[PDB]
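Next up is one chain by itself, shown in structure tokens, the form deposited in one PDB entry.
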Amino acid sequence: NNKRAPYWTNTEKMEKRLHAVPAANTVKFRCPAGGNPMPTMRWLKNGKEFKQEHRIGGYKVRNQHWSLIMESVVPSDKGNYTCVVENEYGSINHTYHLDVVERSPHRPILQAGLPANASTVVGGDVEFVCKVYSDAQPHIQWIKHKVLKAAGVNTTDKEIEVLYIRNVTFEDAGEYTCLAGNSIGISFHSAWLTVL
């Protein structure tokens, strides 16, 4: 009749038990539950009551969507998160294991889509850009195909980012490369300046 012990309304969303993500990211655990009376939901971090004050920045809950959300995850968040749906006729639970991963120290990273190919008529001023993200000031150098500019003492970081080429020529046409690196590794992306 109208007696119904808690049941999973969407097993799919629950497929993924192990949640491994880069630090800083925001994780969300879901446990879609059905049951009449409507069940109630509560979360458990490593077996115990996951109280708001258990982590910096607490956590938001979405009753409507039977979920738990943690923003800017840190290594201290590592653990098992268990949902417990229950009403007078029974209870059900699921447990997610969270593994936050600090990817730093890591090689430089170049904002995809930069350097951006270019092309201009002789006489004008072409431009090239390379944005790099690294744990430490990245060693970056432009390589025209000889080494054009190169971040050091006479060239600062904000300067190295953009490579200008005033009043071009049909000689400047070619493959410009942005190579960047650090103690862990290096990456590099090219760009083509077509002369018209």
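In this text, residue numbers run from 1 along the sequence as written.
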Of the deposited residues between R166 and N167, the number without coordinates is none
Ranked by mean Cα B-factor in the entry, 35 to 43 and 158 to 166, top stretch is 158 to 166
Ranked by mean Cα B-factor in the entry, 61 to 69 and 124 to 132, top stretch is 124 to 132
For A116, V74, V85, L98, the deposited C-alpha B-factor is largest at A116
Here the Cα B-factor of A20, set against its chain, lands in the third termed lowest
Entry-reported C-alpha B-factor of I184 relative to its chain, by third, is lowest
Split the chain's modelled residues into thirds by Cα B-factor; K149 lands in the middle
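Absent from the display: the form deposited in another entry. The rest refers to it.
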From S76, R103, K48, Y164, the hinge of the rigid-body change between this form and the one not shown corresponds to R103
A change of 3 Å or more separates this form from the other: in the other entry, the C-alpha atoms of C130 and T26 are farther
With a difference of at least 3 Å, the CA distance of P22 and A136 in the other entry shows the atoms closer
